[PDB]
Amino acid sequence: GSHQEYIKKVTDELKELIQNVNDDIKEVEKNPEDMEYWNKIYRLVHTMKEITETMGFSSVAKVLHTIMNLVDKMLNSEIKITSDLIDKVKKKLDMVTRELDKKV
């Protein structure tokens, strides 16, 4: 129904935002200290979090919140940006993708 189309539109939007974050992570991988990509990433994730809260996707929101915490620490120089820190971000983003997949 129209409501089924709505949910499909919303989940497709979330998948596009995730792909956008993955595309920026590929770039920041080449130069981890590039705060321009970390900032864009933070704002993309914040956008996704807003959507998941609206939708009541609580399990996804909690992972997104975790990613924002980590990225915020990187932005406000609370920890040094390593390969391993980037890996934990990637690992969570993949969790987000799986958890979301369960909505269709």
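One rule holds for the numbers: they count along the sequence shown, beginning at 1.
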So which stretch wins on mean C-alpha B-factor, 45 to 53 or 25 to 33?
-> 25 to 33
Of the two stretches 36 to 44 and 74 to 82, which shows the higher Cα B-factor on average in the entry?
-> 74 to 82
B-factor third for the C-alpha atom of residue 92 within its chain | lowest
Lowest, middle or highest third: where is residue 103 by C-alpha B factor in its chain?
-> highest
